[PDB]
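As a starting point, one isolated chain is supplied in structure tokens, in the form deposited in one PDB entry.
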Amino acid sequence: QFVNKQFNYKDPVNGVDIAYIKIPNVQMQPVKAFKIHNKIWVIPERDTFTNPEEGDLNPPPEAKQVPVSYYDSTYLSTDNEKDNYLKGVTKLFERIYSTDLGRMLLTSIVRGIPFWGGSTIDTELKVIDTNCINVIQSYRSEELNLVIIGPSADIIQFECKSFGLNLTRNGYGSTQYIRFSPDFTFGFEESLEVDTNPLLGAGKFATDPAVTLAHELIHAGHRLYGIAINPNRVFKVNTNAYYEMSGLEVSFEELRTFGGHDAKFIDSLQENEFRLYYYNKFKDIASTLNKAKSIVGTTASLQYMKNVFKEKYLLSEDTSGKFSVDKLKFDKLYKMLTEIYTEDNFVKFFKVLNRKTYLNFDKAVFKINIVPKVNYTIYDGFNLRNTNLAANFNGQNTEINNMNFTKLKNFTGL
């Protein structure tokens, strides 16, 4: 069991795993937060904190808005919504952990401690302060890897924010703040030709939000190991005439995260270039660890932190105590994080209906309520065993299971 406490939003603060917290630096008032697992926290609040550019929840000027956007400044403003948000997110982590692939991914994420690259002197290993949160009581700072937070103004923009050396792309990693909601999901079409056409389909089938969360956690895995691909390296889509009409550009990072046939649109040569780039980053980390002869702070010993990063990066260690990067082990970890952890593989483990490509067109956004077990379960999602929803993905079929879905906006035609 991944989350061994059944938190309620109104549970009293204890300063340990239910607490008021602040983000170092950041303006922000303390927010009630919940530690659901080692290194992983949930803040059931709309994100007005991580980006100074984004404090308001009202829509920007309409000329500013993308077509696939959805605003509702009232969402997640009440205690009952935050209770259901917290319970919904924990339920989705348990659904992910109930699969072997999700257990692997979540183990990688917990082991993926952001590197202690904060020192200005080679002989000292030091934390980077923005990979911590401040737990209020006086305050005490504590390292963490992942925070799930409510969305900012655009509810369906599930961006990842972090503070930063380009930490998500230099091998170091940084604490990831994932904007996410378990209370909404997207509709897609069961025919591929319809799903990849911007003019057709109303969104008959609903994405299982466990797949959406797993998709975001895959990105967070890349980012915590500092191997995310530069967002400006993109596929200028020439396989979908409507992508080419609209000139839609999709980053290699997305195509990698979806996996399946999409990842083959990254050419072998540019993939080798990324692989060599990140291999060299891991070598620099080994070199940094070898120069460090003392540790800064009171939380852990030098030899404990060297071993934490040996385990994170799969470093080899010679009989003199010196670390190095073995290409066979680097390739195994890199492939694990980039080719084994993919959306397409999660669909296989969950046995759900899902989009077949990232290169489609979104159809609709639905309100959902996955907290009741009569609606959704850790092991079956919407497709509840021993009911009329168990077969043929009937629980994801928004026409059969219509009481579980409220369509809020249509995107077809926009």
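Throughout, we count residues from 1 along the sequence that is shown. Whichever C-alpha set is largest while still superposing within 1.5 Å between the two forms counts as the rigid core.
Omission of residue 236 is seen in a third or more of the other entries compared for this protein where the adjacent residues are built. At least a third of the other compared entries skip residue 195 while keeping the residues on either side. Per the record, residue 137 and residue 138 are separated by a gap of 1 to 3 residues from the deposited sequence that were not modelled.
According to the record, the deposited sequence contains 1 to 3 residues between residue 26 and residue 27 that were left without coordinates. Comparing 117-125 with 195-203, the higher mean C-alpha B-factor in the PDB entry belongs to 117-125. A summary of the deposited B-factors shows that, of 108-116 and 322-330, the stretch with the larger mean C-alpha value is 322-330. Looking at 339, 94, 100, 159, the one whose CA carries the top B-factor in the deposited record is 159. When the Cα B-factors of 80, 272, 90, 257 are read from the PDB record, 272 comes out highest. Residue 154: CA B factor lies in the middle third for its chain, per the PDB record. Among the modelled residues of its chain, residue 265 has a C-alpha B-factor that falls in the highest third, as given in the PDB entry.
When the modelled residues of the chain are ordered by C-alpha B-factor, residue 406 sits in the middle third.
Per the deposited record, the Cα B-factor of residue 352 falls in the lowest third when ranked against the other modelled residues of its chain. Sort the modelled residues of the chain by CA B factor and residue 228 lands in the lowest third.
The same protein also has a form deposited in another entry, omitted here; what follows describes it.
Fit the rigid core and compare the CA positions between this form and the one not shown: of 79, 100, 339, 318, just 318 moves by 2 angstroms or more.
Here residue 233 does not count as shifted, since its C-alpha moves by less than 2 Å between this form and the one not shown after the core is aligned. A movement of the C-alpha atom of residue 329 reaching 2 angstroms or beyond is seen between this form and the one not shown when the two forms are aligned on their rigid core.
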